[PDB]
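Under the numbering used here, the first residue of the sequence shown carries the number 64, and numbering increases by one thereafter.
From the three backbone atoms N, C-alpha and C, an ideal C-beta is built for every residue, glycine too.
Report on one structure; see the data block that follows.
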Amino acid sequence: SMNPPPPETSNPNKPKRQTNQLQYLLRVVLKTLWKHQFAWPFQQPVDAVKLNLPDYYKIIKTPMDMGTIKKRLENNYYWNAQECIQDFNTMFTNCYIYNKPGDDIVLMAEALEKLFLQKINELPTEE
Ligand SMILES: CCn1c2c(c(=O)[nH]c1=O)[C@H]1C(=C(C)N2)C(=O)OCc2ccccc2OCCCOc2ccccc21
């Protein structure tokens with residue numbers, strides 16, 4: 064298949080913690096983006112077969128998507144908020160690497176990223 068195995072959403076050897084910040088990342092940040100009208104291209108791994116993107120995984124070697132992030136949060140996979148924030152940033156960075164400025168998918172990502180950053184601005188201090 065053109066598609067690689069998707070990123071793991073569990074791993075018994077991965078170290079993990081729960082924190083108030085990770086809780087906010089699920090309850091606020093992920094939920095807000097997940098329900099947005101532009102979420103759908105980002106709700107699951109990029110499917111190069113369905114989407115006719117035979118070059119996608121020649122270019123994008125660190126794939127990430129919000130379906131994976133959602134499951135990682137639900138599974139308490141992360142050690143800290145930074146790991147989760149990094150996954151969101153990988154997703155956006157991949158979109159801007161693969162697609163051209165001004166493309167519809169880029170306009171969608173930019174709207175989601177603006178909202179992401181508005182929610183991150185209110186991330187509680189860890190306690
Ligand atoms: C986030 C991953 N992604 C992605 C896309 C893309 O172009 N670049 C990406 O990085 C595709 C895409 C997804 C899910 N995802 C998608 O549903 O296409 C549909 C499609 C399937 C079969 C043939 C041609 C098709 O559409 C032609 C228009 C150009 O495609 C667009 C346009 C707007 C939004 C998304 C996309």
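Local Cβ density within 10 Å of residue i, reported as buried at 16 or more and exposed below that
i	result
residue 170	exposed
residue 131	buried
residue 157	buried
residue 118	exposed
residue 150	buried
Close-in-space but distant-in-sequence residues of the same chain around residue i (CB under 7 Å, 5 per side omitted)
i	result
residue 141	79, 85, 135 and 147
residue 187	83, 84 and 87
residue 101	171, 174 and 175
residue 39	Residue numbering for the chain in the displayed model covers 64 to 190; residue 39 lies beyond these limits and cannot be assessed.
residue 133	93 and 97
residue 155	172 and 176
For residue i, the nearest candidate out of the options (CA to CA)
i	options	result
residue 94	163, 137, 158 and 66	137
residue 189	113, 87, 76 and 124	87
residue 121	66, 71 and 179	66
residue 111	99, 126 and 98	126
residue 73	64, 182 and 139	139
Nonlocal neighbours in the same chain, by C-beta distance under 8 Å from residue i, ignoring five residues either side
i	result
residue 159	169 and 172
residue 108	66, 69, 70, 126, 128, 130 and 131
Per-residue DSSP class, three states only, for residue i
i	result
residue 142	coil
Check: Which residue spans inside the stretch 86-114 form an unbroken beta strand (DSSP E) run of at least 3?
Finding: none
Item checked: Segments assigned beta strand (DSSP E), at least 3 residues, entirely inside the stretch 152-185 -> none
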